[PDB]
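Let me begin by presenting the structure, written as structure tokens, before commenting on it.
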Ligand SMILES: *Cc1c(COP(=O)(O)O)cnc(C)c1O
Ligand SMILES: *Cc1c(COP(=O)(O)O)cnc(C)c1O
């Protein structure tokens, strides 16, 4: 018994067989893939469907008169609809992009050009944001003149409900609030609805890159204005992301990028724009990445996405339990049920890169060491550290095809690393 | 005998076998794919390599933290080298993007943000430009205040050497010149060396999206400042493009997009940027797309790119001469050896969309009708037309896997339309 409360040994066994990378061995040990927070492994049946699409159903899309162009166009718009149903949005509220990062850049630039984010307006973000939801705001404040303010994290990197309510006293009327739906370092799932009510007049953006892959997201319930995520973190193709926005807001936004398809009329001197969603898709999109993403979502819904979520939840609880028992590790983030997907940590007396190196070479375990694209968060964690804090951490992250046994290999690995450095 | 002065019947038939779409039949007719100028068919061996990458050598990149991460990093970066070598560029001068369109948008925003293209300045483009190399200039000139000027086309859409000189009399020192390498409507390969020598102090950008797939481009010899093209038009994956820029210029440009990997140091208040080329690659790129495009380049080089080029030339000249024989069609563009790849035309008394539909439903022939994302050029061609010009054209376009027989099926379909429908 694989030790699941969610999947039978047969269903689960079938799932694992969908991921050929799991048959890889590193120095004679099976691959134990715990770097899911950076990117995920690919499903053979999904990738075969993309291959069939490239080889037999492919051409450029829209203005479709010939047979392949119709097929490709229909498949692409069908993919948009699968994504809209997955988020409870309408299809004209789904814009295909290159990724989360592009999505955030699209918003900052489009909000400023549309006249919504002005000089001396304030954008409020959190201290635990990924560079993708931090650097565009901080750098572009120098060109457009807005100010950036932060919701502060505690010395373990936690954004408490109290911090959220306290920030509102101090920054009462932010023009934009952009926050992570879940930290790629602390593992903390954020209280999005509490944020939405506390900053009732703000344009609210959620960085969904870590959240969307393992937890149900209903954009109407959350009442977010915009949400972004990346395909490659949900078993999907690279080069494909999603931007969701409220139809009423998208209708007033200046396009980020310009070119073909997004126009209606072009003259040498002026342009007008197409309707939604095409207004915000300039030139040839990642047609096959979109179709592939659609097929990824079909795969997840065939397993059943509530089961995906529960399985990841039980893996997360087990990972965090086992990590908390080790007396020679320091763990970051909340020790509560908001903590999901991943555990960032340091082994006392051992450099993070050595932890990841030995885990990989001697135990076949893939983890990541470093700042995890959250350099300012590291400075916050340093203040609460009780060790000689290396300004970086090790990170183990779980997803669909992981097991409790994978986690037991990680633990065995870490014990070994402690005994080896003494 | 397949009528090639370039490939033996043996080699040619192996090349055809690489493209499974060619086995498709439309109402009993074999696919005759002549919409290459929109996008190209995919090679099975290439797509199998991409499949092997996705399933067995996949992870996020640029940090040597575990075995699959290193593999994936090496593969992506060797793909960057393959592109650099194909264009005779250094690898730090090659930036992966989502396509040609994102590439132009990058340049316009970055040139403005960097203080290079200012309110006083003029960008010179041509009247034949695709929307990708027209709309961003026109629309952003309204936010940034620079001026847009145009090299004029004659009434068949031809950009003559004399028109280029005449523009130089009125606009002797444009800050930026952005010009097509080859028009997607007239097929005219532009005289890039002439343009480079005539505007020697401008920042010269070439939109190579139609050109690069079938003609050797040596960026050092041409001495262009920037060049852009799209993967999907050179047998490659969707969602992937290339931007080439001279190292000395890339080093002074503000990045277009911000996020992970493109930074060096991030604080809550300031950022610094990574080295070339990563300065201009924000967040996770289309990893597998880049690898695929490398393998596409390998494939073209195993055939022999000079042979590809000569095959497309021989096909282009046959297409144009057979179209010139037909007294019921109006042909656009120059009737000389500058005309390559594609022929835009109208059938007298028949709407372009009906031509395309009849060709597809009766002859298996894929063509495109519409404005081809060049609406201002349509207005230019309207004045030279001798028929009731429908503000659109039919276009047939040839590439590697096409044959003189394919072109003969097109011609037969056009005569069927004339003879019977009528
Ligand atoms: C991965 C991630 C991003 C950036 O995604 P890309 O796909 O690399 O553009 C942003 N935010 C969070 C929280 C992430 O985990
Ligand atoms: C196709 C094309 C473009 C746009 O390419 P995308 O891949 O759609 O970004 C730009 N210029 C010309 C001349 C083209 O043929």
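Protein chains in written order, with PDB author numbering: chain A, 0 to 421; chain B, 0 to 421.
Every residue, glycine too, gets a C-beta built ideally from N, C-alpha and C.
In terms of beta-carbon proximity, residue 43 of chain B lines the interface with chain A, with at least one pair separated by less than 8 Å.
For residue 224 of chain B, no pairing in a beta bridge is given by DSSP. The beta-bridge partner set that DSSP reports for residue 338 of chain A consists of A:187. Chain order gives the chain B residues near residue 236 of chain A as 53, 238, 285, 287 and 288, where near means a beta carbon separation below 9 Å. Note on the region 240–299 of chain A: whole alpha helix (DSSP H) runs with a minimum of 4 residues are 246–249, in chain order. Check the Cα spacing between residue 37 of chain A and each of A:70, A:396, A:236 and A:415: the tightest is with A:396. As for any beta strand (DSSP E) of minimum length 3 sitting wholly inside the region 350–378 of chain B, the runs are 367–369, ordered along the chain. Its chain contains 252 and 253 as the residues whose beta carbon lies nearer than 6 Å to that of residue 113 of chain B, once the 5 sequence neighbours on both sides are disregarded; these appear in chain order. Closer than 8 Å to the CB of residue 161 of chain A there is not a single CB belonging to chain B. At the C-beta level, residue 384 of chain B and residue 185 of chain B stay beyond 8 Å of one another.
Residues of the same chain with a CB within less than 6 Å of the CB of residue 176 of chain A, apart from the 5 flanking positions on each side, are 123, 198, 201 and 203 in chain order. For residue 344 of chain B, the closest Cβ of chain A is not nearer than 8 Å. Its Cα nearest to that of residue 337 of chain B, the residue B:156 stands out among B:31, B:84 and B:156.
Contact check for residue 60 of chain B and residue 79 of chain B: beta-carbon distance about 11 Å, past the 8 Å limit, so the pair fails to qualify.
Beta-bridge partners of residue 125 of chain A (DSSP): A:150. Contact note: residue 7 of chain B does not reach chain A at a C-beta cutoff of 7 Å; the least C-beta distance is about 25 Å.
In this structure residue 213 of chain A is buried. Its beta-carbon is surrounded by 16 or more other beta-carbon atoms within 10 angstroms. Taking a Cβ-Cβ cut-off of 7 Å, the neighbours of residue 98 of chain A in chain B comprise 282 and 283, given in sequence order. DSSP links residue 93 of chain B through a beta bridge to B:243.
Residues of chain A whose Cβ lies closer than 7 Å to the Cβ of residue 146 of chain B do not exist, since the nearest Cβ in that chain is about 11 Å away.
When Cβ-Cβ separations below 8 Å define contact, residue 411 of chain B makes no contact with chain A. From the beta-carbon of residue 93 of chain B, no residue of chain A is found nearer than 8 Å; the closest lies around 17 Å away. Inter-residue distance for residue 100 of chain A and residue 379 of chain A is about 23 Å (C-alpha atoms, whole angstroms).
Going by DSSP, residue 315 of chain A is part of no beta strand (DSSP E) but of the alpha helix (DSSP H) stretching over 304–323.
Each residue's CA atom was taken as its position, placing residue 69 of chain B and residue 293 of chain B some 18 Å apart. The three-state reading of DSSP puts residue 69 of chain B in helix, counting H, G and I together. Going by beta carbons, residue 26 of chain A and residue 329 of chain A fall outside the 8 Å limit.
Contact annotation, residue 282 of chain B with residue 244 of chain B: C-beta distance approximately 20 Å; criterion of less than 8 Å not satisfied.
The region 101–108 of chain B makes no contact with the region 347–361 of chain B, as fewer than three CB pairs between them are under 8 Å. Taking a cut-off of 8 Å for Cβ pairs, the region 224–240 of chain B and the region 258–267 of chain B do not touch, as fewer than three such pairs fall below it.
If the five residues before and after residue 278 of chain B are omitted, its C-beta is found closer than 6 Å to the C-beta atoms of 254, 261 and 272, all from its own chain and listed in chain order. In this chain, the alpha helix (DSSP H) harbouring residue 47 of chain B covers 43–55. For residue 338 of chain A, the Cβ stays outside the 7 Å cut-off from all heavy atoms of ligand 1. At least 8 Å separates the beta-carbon of residue 333 of chain B from that of residue 389 of chain B. Contacts with chain A at 8 Å (Cβ-Cβ) do not include residue 14 of chain B.
By DSSP's assignment, residue 74 of chain A forms no beta bridge with any residue.
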